[PDB]
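J.: Below you will find the structure I want to go over with you.
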There are 2 protein chains.
Amino acid sequence: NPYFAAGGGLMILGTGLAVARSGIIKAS
Amino acid sequence: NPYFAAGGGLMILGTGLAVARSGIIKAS
């Protein structure tokens, strides 16, 4: 469990990267 | 966590590879 509790964090930060890549485009 | 902190780095460098493959085409 704790060794693979990092996959969820990587998914979270990847969704954050996708949200930021969407937001930068939606501003310019 | 630290053993699987490399998946995020591989995703980062893969996004960089995709960005470079897009940029080389968008120049020529």
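In the structure tokens, each chain is lettered A, B, ... as it comes, each chain's residues begin at 1, and ligands are numbered from 1 in order of appearance.
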Write out as a short mmCIF file (atom, residue, chain, number, x, y, z; two decimals) with N, CA, C and O atoms, in the first residue's frame the residues lying within 8 Å of stretch 6-15 of chain A, counting only C-alpha atoms and excluding same-chain residues fewer than 3 positions away.

T.:
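For reference, part.cif as written:
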```
data_model
loop_
_atom_site.label_atom_id
_atom_site.label_comp_id
_atom_site.auth_asym_id
_atom_site.auth_seq_id
_atom_site.Cartn_x
_atom_site.Cartn_y
_atom_site.Cartn_z
N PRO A 2 1.76 1.50 0.96
CA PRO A 2 2.46 2.80 0.97
C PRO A 2 3.44 2.97 -0.18
O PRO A 2 3.66 4.10 -0.62
N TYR A 3 4.02 1.88 -0.69
CA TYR A 3 4.87 2.00 -1.86
C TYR A 3 4.07 2.39 -3.09
O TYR A 3 4.59 3.07 -3.98
N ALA A 18 -1.97 18.94 -16.37
CA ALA A 18 -2.94 19.10 -17.45
C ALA A 18 -3.81 20.33 -17.24
O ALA A 18 -4.11 21.06 -18.19
N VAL A 19 -4.20 20.59 -15.99
CA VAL A 19 -5.01 21.77 -15.68
C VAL A 19 -4.22 23.05 -15.95
O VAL A 19 -4.75 24.02 -16.51
N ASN B 1 7.38 5.49 -2.19
CA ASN B 1 7.37 6.83 -2.78
C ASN B 1 8.63 7.16 -3.61
O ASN B 1 8.49 7.53 -4.78
N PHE B 4 9.04 5.21 -6.84
CA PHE B 4 8.04 5.57 -7.84
C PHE B 4 7.96 7.07 -8.06
O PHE B 4 7.02 7.54 -8.71
N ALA B 5 8.91 7.84 -7.52
CA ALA B 5 9.06 9.23 -7.91
C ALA B 5 9.73 9.39 -9.26
O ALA B 5 9.83 10.51 -9.76
N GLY B 7 8.56 7.71 -12.01
CA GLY B 7 7.51 7.70 -13.02
C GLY B 7 7.09 9.09 -13.42
O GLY B 7 6.85 9.36 -14.60
N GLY B 8 7.01 10.01 -12.46
CA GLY B 8 6.72 11.39 -12.78
C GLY B 8 7.81 12.03 -13.62
O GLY B 8 7.53 12.81 -14.53
#
```

J.: Is it possible to see chain A as a tab-separated table (two decimals) with N, CA, C and O atoms, in the first residue's frame, once it has been laid onto chain B by a least-squares fit on every C-alpha atom in order?

T.:
```
chain	number	residue	atom	x	y	z
A	1	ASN	N	7.38	5.49	-2.19
A	1	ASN	CA	7.37	6.83	-2.78
A	1	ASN	C	8.63	7.16	-3.61
A	1	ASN	O	8.49	7.53	-4.78
A	2	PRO	N	9.85	7.05	-3.06
A	2	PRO	CA	11.01	7.48	-3.86
A	2	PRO	C	11.32	6.55	-5.02
A	2	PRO	O	11.84	7.01	-6.04
A	3	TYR	N	11.00	5.26	-4.90
A	3	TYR	CA	11.18	4.37	-6.04
A	3	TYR	C	10.22	4.70	-7.17
A	3	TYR	O	10.55	4.51	-8.34
A	4	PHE	N	9.04	5.21	-6.84
A	4	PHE	CA	8.04	5.57	-7.83
A	4	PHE	C	7.96	7.07	-8.06
A	4	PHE	O	7.02	7.54	-8.71
A	5	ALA	N	8.91	7.84	-7.52
A	5	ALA	CA	9.05	9.23	-7.91
A	5	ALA	C	9.73	9.39	-9.26
A	5	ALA	O	9.83	10.51	-9.76
A	6	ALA	N	10.19	8.29	-9.86
A	6	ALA	CA	10.78	8.32	-11.19
A	6	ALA	C	9.75	8.23	-12.30
A	6	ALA	O	10.05	8.62	-13.43
A	7	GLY	N	8.56	7.71	-12.01
A	7	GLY	CA	7.51	7.69	-13.02
A	7	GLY	C	7.09	9.09	-13.42
A	7	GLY	O	6.85	9.36	-14.60
A	8	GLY	N	7.02	10.01	-12.46
A	8	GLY	CA	6.72	11.39	-12.78
A	8	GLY	C	7.81	12.03	-13.62
A	8	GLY	O	7.53	12.81	-14.53
A	9	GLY	N	9.07	11.70	-13.33
A	9	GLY	CA	10.17	12.22	-14.13
A	9	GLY	C	10.16	11.67	-15.55
A	9	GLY	O	10.48	12.39	-16.50
A	10	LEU	N	9.81	10.39	-15.70
A	10	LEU	CA	9.68	9.83	-17.04
A	10	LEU	C	8.53	10.46	-17.80
A	10	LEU	O	8.64	10.72	-19.00
A	11	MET	N	7.42	10.75	-17.11
A	11	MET	CA	6.32	11.47	-17.74
A	11	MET	C	6.73	12.88	-18.14
A	11	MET	O	6.35	13.37	-19.21
A	12	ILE	N	7.54	13.53	-17.30
A	12	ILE	CA	8.02	14.88	-17.59
A	12	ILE	C	8.90	14.87	-18.84
A	12	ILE	O	8.70	15.66	-19.77
A	13	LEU	N	9.88	13.96	-18.88
A	13	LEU	CA	10.78	13.92	-20.02
A	13	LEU	C	10.08	13.40	-21.28
A	13	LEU	O	10.47	13.76	-22.39
A	14	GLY	N	9.02	12.60	-21.12
A	14	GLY	CA	8.24	12.21	-22.28
A	14	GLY	C	7.42	13.35	-22.84
A	14	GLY	O	7.28	13.50	-24.06
A	15	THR	N	6.86	14.19	-21.96
A	15	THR	CA	6.20	15.40	-22.42
A	15	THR	C	7.19	16.34	-23.09
A	15	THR	O	6.85	17.02	-24.06
A	16	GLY	N	8.42	16.38	-22.58
A	16	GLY	CA	9.45	17.17	-23.24
A	16	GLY	C	9.81	16.63	-24.62
A	16	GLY	O	10.03	17.40	-25.56
A	17	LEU	N	9.89	15.30	-24.75
A	17	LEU	CA	10.12	14.69	-26.05
A	17	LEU	C	8.98	15.00	-27.02
A	17	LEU	O	9.22	15.28	-28.20
A	18	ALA	N	7.74	14.97	-26.53
A	18	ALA	CA	6.60	15.32	-27.38
A	18	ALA	C	6.64	16.79	-27.79
A	18	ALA	O	6.34	17.13	-28.94
A	19	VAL	N	7.03	17.66	-26.86
A	19	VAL	CA	7.12	19.09	-27.17
A	19	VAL	C	8.21	19.34	-28.20
A	19	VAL	O	8.04	20.14	-29.13
A	20	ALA	N	9.34	18.64	-28.08
A	20	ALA	CA	10.42	18.81	-29.05
A	20	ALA	C	10.03	18.26	-30.42
A	20	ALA	O	10.35	18.86	-31.45
A	21	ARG	N	9.35	17.11	-30.44
A	21	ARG	CA	8.90	16.54	-31.71
A	21	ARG	C	7.85	17.43	-32.37
A	21	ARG	O	7.76	17.48	-33.60
A	22	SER	N	7.06	18.15	-31.57
A	22	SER	CA	6.13	19.11	-32.14
A	22	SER	C	6.87	20.34	-32.66
A	22	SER	O	6.55	20.86	-33.74
A	23	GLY	N	7.86	20.82	-31.90
A	23	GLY	CA	8.55	22.04	-32.27
A	23	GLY	C	9.43	21.90	-33.50
A	23	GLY	O	9.53	22.83	-34.30
A	24	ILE	N	10.07	20.74	-33.67
A	24	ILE	CA	10.89	20.51	-34.86
A	24	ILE	C	10.01	20.52	-36.11
A	24	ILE	O	10.39	21.08	-37.15
A	25	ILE	N	8.82	19.93	-36.02
A	25	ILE	CA	7.91	19.95	-37.17
A	25	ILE	C	7.38	21.35	-37.41
A	25	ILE	O	7.30	21.81	-38.55
A	26	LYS	N	7.02	22.07	-36.34
A	26	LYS	CA	6.51	23.42	-36.49
A	26	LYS	C	7.58	24.40	-36.96
A	26	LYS	O	7.23	25.48	-37.45
A	27	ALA	N	8.83	23.97	-37.13
A	27	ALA	CA	9.84	24.91	-37.67
A	27	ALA	C	10.11	24.67	-39.17
A	27	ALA	O	10.01	25.63	-40.01
A	28	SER	N	10.39	23.41	-39.52
A	28	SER	CA	10.74	23.03	-40.91
A	28	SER	C	9.60	23.38	-41.87
A	28	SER	O	9.89	23.94	-42.96
```

J.: Among chain B, which ones does DSSP place in helix (DSSP H, G or I), written as a PyMOL selection string?

T.: chain B and resi 6-25
